[PDB]
Amino acid sequence: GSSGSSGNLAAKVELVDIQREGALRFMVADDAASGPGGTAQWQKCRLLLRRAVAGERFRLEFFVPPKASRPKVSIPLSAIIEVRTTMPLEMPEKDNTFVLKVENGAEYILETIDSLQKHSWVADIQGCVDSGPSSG
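The paragraphs below set out a description of the structure included in this document.

### Structural notes on the nonpolar core
Of all hydrophobic cores here, the largest spans 26 residues; its most connected members are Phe62, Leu100, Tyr108 and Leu110. Broken down by secondary-structure element, the contributors of at least two residues to this core are β1 (20–28), β2 (43–51), β3 (58–63), β6 (108–111) and α1 (115–131). In terms of residue count, the dominant contributor to this core is α1 (5 residues). Aside from chain neighbours lying at most four places away, what touches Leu110 is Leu24, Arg25, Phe26, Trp42, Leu47, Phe62, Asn96, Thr97, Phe98 and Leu100.

### Remarks on the environment of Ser74
If you trace the backbone, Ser74 turns up in the loop between β3 and β4 (75–76). Between the C-alpha atoms of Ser74 and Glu103, which are 29 residues apart in sequence, the distance is 14 Å. The residues contacting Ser74, other than those within four sequence positions of it, are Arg59, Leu60, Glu61 and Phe62. Within the structure, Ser74 has its side chain in polar contact with the side chain of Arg59 (distance 3.4 Å).

### Concerning the packing of aromatic side chains
According to the stated counting rule, one finds 2 aromatic pairs in the structure shown. Taking 5.8 Å as the distance between ring centres and 40 degrees as the angle between the ring planes, the aromatic pair formed by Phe26 and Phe62 counts as tilted. In this pair, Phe26 sits in strand β1 while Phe62 sits in strand β3, placing the two residues 36 residues apart along the sequence. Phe62 carries the same exposure label as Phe26, and that label is buried. Between the aromatic rings of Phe62 and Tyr108, the centroid separation amounts to 5.8 Å while the plane-to-plane angle is 35 degrees, which identifies the pairing as tilted.

### Focus: the pairing of β6
Side chains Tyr108 and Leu110 project from β6 onto one buried face, and the interleaved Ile109 and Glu111 project onto a second face that is buried too. Sheet topology places β1 next to β6; 4 bridges connect them, and they run antiparallel. Within β6, the residue paired with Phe26 across the bridge is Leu110. Bridging between strand β5 (residues 97–98) and β6 involves 2 bridges; their strand directions are antiparallel. The partner of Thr97 across the bridge, within β6, is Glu111.

Rules of the game
- Residues numbered from 1 in each chain as written, not as in the entry; some residues may be left out.
- Heavy atoms only, no water.
- Core = buried A, V, L, I, M, F, W, Y, C linked by side-chain atoms within 4.5 Å.
- Buried < 20%, exposed > 50% of the residue type's maximum accessible area, 1.4 Å probe, protein only.
- Helix = DSSP H or I, 4+ residues; strand = E, 2+ residues; numbered from the N terminus.
- Contact = heavy atoms within 4.5 Å.
- Polar contact = N/O pair within 3.5 Å; in protein donor to acceptor, adjacent residues only side chain to side chain.
- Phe/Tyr/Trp six-rings, centres within 6.5 Å; stacked < 30°, edge-to-face > 60°.
- Pairing = 2+ DSSP bridges.

Take a look at the structure:
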């Protein structure tokens, strides 16, 4: 007698749940024609990468502002289907920027301190999205 079919996943890992956390700017590729336009769409937010519970492996949180008690654009790590590290023609191809393609056809352009932080992040996310098991 049992229910769930999850399995026995026990790891004595001696590491921290939070993979990576930092305060960087984020933006979504869209019309954004909500006015005249000008100021750098770049918005202040805090990126917090932590493992999720109740199934979900991980979940990305975009605290906007980064001082808010709760995340504004809290997206699950499951939504991410592909992370493009390329840049458009209107972008100077910053060394500290990356795109996040979710399952809802939405790209989130983020900008970290330097090419050092950026790359890292791409690893914290990709390392989770992929790591996740095939089923359940």
